Number of protein chains: 2
Amino acid sequence: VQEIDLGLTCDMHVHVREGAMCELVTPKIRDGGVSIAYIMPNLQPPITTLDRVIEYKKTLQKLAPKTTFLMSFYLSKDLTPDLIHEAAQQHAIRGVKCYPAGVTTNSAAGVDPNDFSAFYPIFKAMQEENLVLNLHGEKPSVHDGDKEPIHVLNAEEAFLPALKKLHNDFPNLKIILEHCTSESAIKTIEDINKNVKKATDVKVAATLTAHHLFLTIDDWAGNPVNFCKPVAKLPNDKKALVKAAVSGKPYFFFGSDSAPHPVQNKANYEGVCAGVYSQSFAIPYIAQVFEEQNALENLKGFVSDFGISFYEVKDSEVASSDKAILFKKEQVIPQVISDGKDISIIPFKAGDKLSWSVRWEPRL
Amino acid sequence: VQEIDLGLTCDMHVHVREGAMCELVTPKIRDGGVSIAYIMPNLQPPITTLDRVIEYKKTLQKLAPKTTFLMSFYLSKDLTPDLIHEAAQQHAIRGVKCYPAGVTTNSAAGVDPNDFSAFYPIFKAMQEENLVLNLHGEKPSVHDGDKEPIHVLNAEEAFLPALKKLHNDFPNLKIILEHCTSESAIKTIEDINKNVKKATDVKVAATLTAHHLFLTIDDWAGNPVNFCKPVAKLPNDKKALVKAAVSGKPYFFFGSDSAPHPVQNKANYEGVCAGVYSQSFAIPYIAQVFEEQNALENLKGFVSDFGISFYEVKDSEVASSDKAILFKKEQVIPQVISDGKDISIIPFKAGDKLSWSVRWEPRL
Ligand SMILES: CC1=CC(=O)c2c(O)cccc2C1=O
Ligand SMILES: [Zn+2]
Ligand SMILES: [Zn+2]
Ligand SMILES: [Zn+2]
Ligand SMILES: [Zn+2]
């Protein structure tokens, strides 16, 4: 069928930017089909204060008034358990995002996942205030010639033990294994969620991006535009990610990980910035996967329903109650997304065609 | 300083592409410490005609008079047994290199390896002319089908059945599995040469590069300058290559994969032409690995002896009797290698220190 009403769409993994790069991307949340988003904190400096996250939401509300924004804090060595509480009652944040040290862009100020003990007073504060824990699951690279060599392939699988220890020590804490990329990570989410069903018994969930449903290792090997973290893994891994996405289970929903960089950052011969931009056509990308699997009925759950049930998004928090209408008009993906002065992005599947577009329609 | 006499070193994997690139990198074979070179024909257009390979060889002898060149043909449909016999009788080449379609750059005008049968007439003429069948071992990538999907990491392993068949069908045909990158490929070479004593009894050998002894998958992940085809693999695979290089076995000798590309070709955001440049410090790259493994008494055999005994290099064909002499003088790798006009190459491990350097000393 065409003209599917998805309602209030949820993209609970969003990197927009600061600056003029932010003025170009923040409207594209509306134009990508997303109504409710989740802004990540990895900036320069990292968002670790109450004043910064309030003015960062103050700016995004001006650039996109109709978009509903949920902010986050950077898990760093400057956070305090009293800051977590003071930011919670003020309703200035919606969760915390953890970056391992030196695994992605702006993650140098991150943490060491081998010893999470220093950040247990912080996680105890989130469990009381009912916040969300975002986990970029990837152990740092270890050659070492002695212990299990960690690389970009087995980085997510090696993080799974740390995920089960964080779930065991904080059973009530809502934790998300963002951007699952392997099959071992999927079976772990299937394992922790043994017999939980309906919508809200899920305490540990996982978000699946738009590019990880398409990309394999053969794609970004010579194409730095597709290179992101965690890297796209084998087809056997992509097989599980597609099945888990069209699964219709409540512990899987949509987090795009749209990380826009200028094209001069990708066109490097080393030190290429990882990230894939898919914000301008966020929902259209997912509609093509759900049509290939003939599972267009689960598109409402994965994109809209499950992201609202986990974060418990309320009707009073929504900025503009406009529903997303997914109509089937073919569109071409431009070769470049430019702001007109100096910024240039290469969107995901730049040049390819899509089966779907998306407009907006108000609740009457 | 400590010194080593290597005699006539050998590098049976060299790419000297036409133009100003050729006039620049051709002398650098002698700068790396190599006296005998085997030129791979992935030109545009590829080398399939007799006048092409006679004109291309004299171009190299003019650029470097003291370097011995062993030429080759591109395995295409445009080859006939009459052309193979005539070229071999005129001492034009010493074998033909094959490229699976869509596995490297300038491979597109190549073959499909899971058939390999239409080229049996060519292999018959070579098996009678005692030429060398060099293979780029990688099955082209396919993701869907009833068979196991093929990607950049398993492509070398999936080709191994076709290698055994080409050795089983043509037992007395000298075959080389070029640029081994996986442990599975090394074990196959060891088992094919199980009963082998008296090295001259080797029919299937394998050339090992200088960069695949250092590089892993994390070294090129986000670093296009180290991106080559067959791609760098897991640390377990690297150990097997290192052990094989220092093993001192006859069926393992040196093939550099000196694929030179201008820096603008490597710093793309899509379609990064693969290949690492190691010509300028070919032997110093290898001597560092052999010193780091303490197996320096085998270095004379890996780079010099086992390539001569396999390719049957006689003293009459050698262009210069000057022996390559190592000497323990620490040096630095430049940032760029440039002809001075329009070309800028990024050498391997640009900006590192090596323990050795290469001079040359006449015979007796
Ligand atoms: C252009 C190019 C790519 C390339 O990948 C390559 C290789 O893996 C081994 C030897 C030579 C080459 C080469 O010349
Ligand atoms: Zn990330
Ligand atoms: Zn992210
Ligand atoms: Zn090659
Ligand atoms: Zn080659």
# chains A, B, ... in the order shown; residues from 1 in each chain; ligands from 1
>>> closest_atom_pairs(of="chain B", to="ligand 4", cutoff="7 Å", atoms="only C-alpha atoms and all ligand atoms", output="tab-separated table")
residue	atom	partner	partner_atom_place_in_ligand_line	distance
B:104	CA	ligand 4	1 (Zn)	5.9
B:136	CA	ligand 4	1 (Zn)	5.7
B:229	CA	ligand 4	1 (Zn)	6.0
>>> write_last_selection(atoms="C-alpha atoms", output="compact mmCIF listing (two decimals), in the first residue's frame")
# COMPACT_ATOMS: atom_id res chain seq x y z
CA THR B 104 41.39 -4.57 -7.95
CA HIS B 136 45.51 -12.69 -7.76
CA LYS B 229 43.45 -5.67 -2.63
>>> select_by_dssp(residues="region 69-269 of chain B", states="strand (DSSP E or B)", output="PyMOL selection string")
chain B and resi 69-70+73-74+95-98+100+111+132-136+174-178+204-208+252-254+258
>>> write_last_selection(atoms="N, CA and C atoms", output="compact mmCIF listing (two decimals), in the first residue's frame")
# COMPACT_ATOMS: atom_id res chain seq x y z
N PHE B 69 64.54 -7.04 -15.65
CA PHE B 69 63.09 -6.98 -15.75
C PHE B 69 62.54 -8.26 -16.35
N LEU B 70 61.59 -8.88 -15.66
CA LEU B 70 60.86 -10.05 -16.15
C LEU B 70 59.43 -9.60 -16.43
N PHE B 73 52.17 -10.90 -19.27
CA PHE B 73 50.98 -10.60 -20.05
C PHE B 73 49.75 -10.59 -19.15
N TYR B 74 48.74 -9.83 -19.57
CA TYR B 74 47.47 -9.76 -18.86
C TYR B 74 46.57 -10.87 -19.38
N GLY B 95 55.83 -15.26 -17.95
CA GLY B 95 54.57 -15.78 -17.46
C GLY B 95 53.46 -14.77 -17.68
N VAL B 96 52.26 -15.16 -17.24
CA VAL B 96 51.10 -14.28 -17.34
C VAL B 96 50.43 -14.17 -15.98
N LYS B 97 50.07 -12.84 -15.60
CA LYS B 97 49.35 -12.58 -14.36
C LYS B 97 47.85 -12.50 -14.63
N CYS B 98 47.05 -13.07 -13.74
CA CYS B 98 45.60 -13.04 -13.90
C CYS B 98 44.92 -12.13 -12.89
N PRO B 100 40.99 -11.51 -11.40
CA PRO B 100 39.54 -11.72 -11.37
C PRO B 100 38.81 -10.41 -11.61
N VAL B 111 38.97 -11.79 -16.00
CA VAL B 111 38.39 -13.12 -16.15
C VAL B 111 37.38 -13.34 -15.03
N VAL B 132 55.21 -18.96 -15.97
CA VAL B 132 54.71 -18.89 -14.60
C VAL B 132 53.32 -18.28 -14.61
N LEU B 133 52.36 -18.97 -14.01
CA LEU B 133 50.98 -18.50 -13.91
C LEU B 133 50.81 -17.82 -12.55
N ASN B 134 50.85 -16.50 -12.54
CA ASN B 134 50.65 -15.72 -11.33
C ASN B 134 49.17 -15.39 -11.17
N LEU B 135 48.65 -15.59 -9.96
CA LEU B 135 47.23 -15.46 -9.68
C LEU B 135 47.01 -14.42 -8.59
N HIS B 136 46.06 -13.52 -8.82
CA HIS B 136 45.51 -12.69 -7.76
C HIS B 136 44.36 -13.48 -7.15
N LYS B 174 53.96 -23.93 -13.30
CA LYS B 174 54.44 -23.12 -12.19
C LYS B 174 53.40 -22.06 -11.84
N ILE B 175 52.77 -22.20 -10.68
CA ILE B 175 51.71 -21.31 -10.23
C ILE B 175 52.19 -20.58 -8.99
N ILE B 176 51.82 -19.30 -8.87
CA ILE B 176 52.14 -18.48 -7.71
C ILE B 176 50.87 -17.82 -7.23
N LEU B 177 50.53 -18.02 -5.96
CA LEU B 177 49.42 -17.31 -5.33
C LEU B 177 49.97 -15.99 -4.81
N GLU B 178 49.75 -14.92 -5.57
CA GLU B 178 50.35 -13.63 -5.24
C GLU B 178 49.71 -13.02 -4.00
N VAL B 204 54.03 -24.87 -6.87
CA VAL B 204 53.11 -23.84 -6.40
C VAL B 204 53.79 -23.09 -5.26
N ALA B 205 54.02 -21.80 -5.46
CA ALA B 205 54.63 -20.93 -4.46
C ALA B 205 53.67 -19.78 -4.16
N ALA B 206 54.14 -18.82 -3.37
CA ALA B 206 53.32 -17.68 -2.99
C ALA B 206 54.22 -16.51 -2.60
N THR B 207 53.93 -15.34 -3.15
CA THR B 207 54.69 -14.13 -2.84
C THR B 207 54.04 -13.38 -1.69
N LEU B 208 54.87 -12.91 -0.76
CA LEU B 208 54.42 -12.17 0.40
C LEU B 208 54.87 -10.72 0.29
N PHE B 252 57.91 -19.72 -0.41
CA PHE B 252 57.58 -18.39 0.08
C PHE B 252 58.74 -17.45 -0.25
N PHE B 253 58.49 -16.47 -1.11
CA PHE B 253 59.48 -15.42 -1.39
C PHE B 253 58.75 -14.09 -1.53
N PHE B 254 59.49 -13.07 -1.96
CA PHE B 254 59.08 -11.68 -1.82
C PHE B 254 58.41 -11.15 -3.08
N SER B 258 54.09 -3.07 -5.00
CA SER B 258 54.45 -1.66 -5.08
C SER B 258 53.49 -0.99 -6.05
>>> interface_residues(of="chain B", to="chain A", cutoff="8 Å", atoms="only C-alpha atoms", output="compact mmCIF listing (two decimals) with N, CA, C and O atoms, in the first residue's frame")
# COMPACT_ATOMS: atom_id res chain seq x y z
N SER B 141 33.20 -10.54 -5.29
CA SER B 141 32.28 -10.44 -4.17
C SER B 141 30.84 -10.61 -4.63
O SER B 141 30.38 -9.87 -5.51
N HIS B 143 26.99 -11.28 -2.58
CA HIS B 143 26.37 -11.27 -1.25
C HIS B 143 25.13 -12.13 -1.15
O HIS B 143 24.91 -12.76 -0.11
N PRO B 149 28.04 -16.19 0.95
CA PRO B 149 28.38 -14.87 0.42
C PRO B 149 29.88 -14.62 0.50
O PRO B 149 30.57 -15.11 1.40
N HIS B 151 32.96 -11.70 0.53
CA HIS B 151 33.31 -10.31 0.79
C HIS B 151 34.82 -10.12 0.73
O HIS B 151 35.55 -11.04 0.34
N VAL B 152 35.31 -8.94 1.12
CA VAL B 152 36.72 -8.62 0.99
C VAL B 152 37.61 -9.47 1.89
O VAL B 152 38.82 -9.57 1.65
N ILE B 217 43.57 -5.04 9.93
CA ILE B 217 42.36 -4.40 9.41
C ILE B 217 42.19 -3.01 10.01
O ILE B 217 41.64 -2.11 9.35
N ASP B 218 42.66 -2.78 11.24
CA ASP B 218 42.53 -1.47 11.85
C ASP B 218 43.48 -0.44 11.25
O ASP B 218 43.25 0.76 11.40
N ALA B 221 41.46 0.91 8.26
CA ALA B 221 40.09 1.32 8.57
C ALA B 221 40.07 2.81 8.85
O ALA B 221 40.54 3.27 9.90
N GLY B 222 39.54 3.59 7.91
CA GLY B 222 39.65 5.03 7.98
C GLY B 222 40.99 5.57 7.54
O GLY B 222 41.28 6.74 7.79
N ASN B 223 41.82 4.74 6.90
CA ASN B 223 43.14 5.16 6.43
C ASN B 223 43.33 4.61 5.02
O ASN B 223 43.87 3.52 4.82
N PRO B 224 42.88 5.35 4.00
CA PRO B 224 42.94 4.83 2.63
C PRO B 224 44.34 4.59 2.10
O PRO B 224 44.50 3.82 1.16
N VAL B 225 45.37 5.23 2.67
CA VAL B 225 46.72 5.08 2.15
C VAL B 225 47.23 3.65 2.31
O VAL B 225 48.12 3.22 1.57
N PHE B 227 45.10 1.04 2.04
CA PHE B 227 44.01 0.24 1.49
C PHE B 227 44.51 -0.44 0.21
O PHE B 227 44.83 0.22 -0.78
N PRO B 235 44.57 -10.01 12.92
CA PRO B 235 45.93 -10.24 13.44
C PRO B 235 46.37 -11.69 13.38
O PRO B 235 47.57 -11.95 13.25
N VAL B 263 48.64 11.14 -4.70
CA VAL B 263 47.95 11.36 -3.43
C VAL B 263 46.49 11.75 -3.66
O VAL B 263 45.61 11.40 -2.86
N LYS B 266 44.29 8.75 -3.77
CA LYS B 266 44.07 8.07 -2.50
C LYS B 266 43.14 8.85 -1.58
O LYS B 266 42.42 8.25 -0.77
N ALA B 267 43.13 10.18 -1.69
CA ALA B 267 42.32 11.02 -0.82
C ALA B 267 40.95 11.32 -1.43
O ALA B 267 40.56 12.48 -1.58
N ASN B 268 40.22 10.27 -1.79
CA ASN B 268 38.87 10.40 -2.30
C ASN B 268 37.86 10.10 -1.20
O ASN B 268 38.18 9.48 -0.18
N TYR B 269 36.63 10.57 -1.41
CA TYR B 269 35.52 10.19 -0.54
C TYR B 269 34.74 9.01 -1.09
O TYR B 269 33.88 8.47 -0.38
N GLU B 270 35.02 8.59 -2.32
CA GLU B 270 34.46 7.37 -2.89
C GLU B 270 35.39 6.88 -3.98
O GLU B 270 35.96 7.68 -4.73
N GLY B 271 35.56 5.56 -4.06
CA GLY B 271 36.40 4.96 -5.08
C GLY B 271 37.87 5.24 -4.90
O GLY B 271 38.54 5.74 -5.82
N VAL B 272 38.41 4.93 -3.72
CA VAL B 272 39.83 5.11 -3.44
C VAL B 272 40.59 3.98 -4.14
O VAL B 272 40.46 2.82 -3.76
N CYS B 273 41.38 4.34 -5.15
CA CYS B 273 42.17 3.34 -5.85
C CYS B 273 43.13 2.66 -4.89
O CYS B 273 43.96 3.32 -4.25
N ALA B 274 43.01 1.34 -4.78
CA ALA B 274 43.78 0.59 -3.80
C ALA B 274 45.25 0.52 -4.20
O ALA B 274 45.65 0.83 -5.33
>>> closest_residue(among="A:202, A:109, A:39, A:50", to="residue 84 (chain A)", atoms="only C-alpha atoms")
A:50
>>> residues_near_ligand(ligand="ligand 5", cutoff="7 Å", atoms="only C-alpha atoms and all ligand atoms", output="ChimeraX atom specification")
/B:13-15,40,257
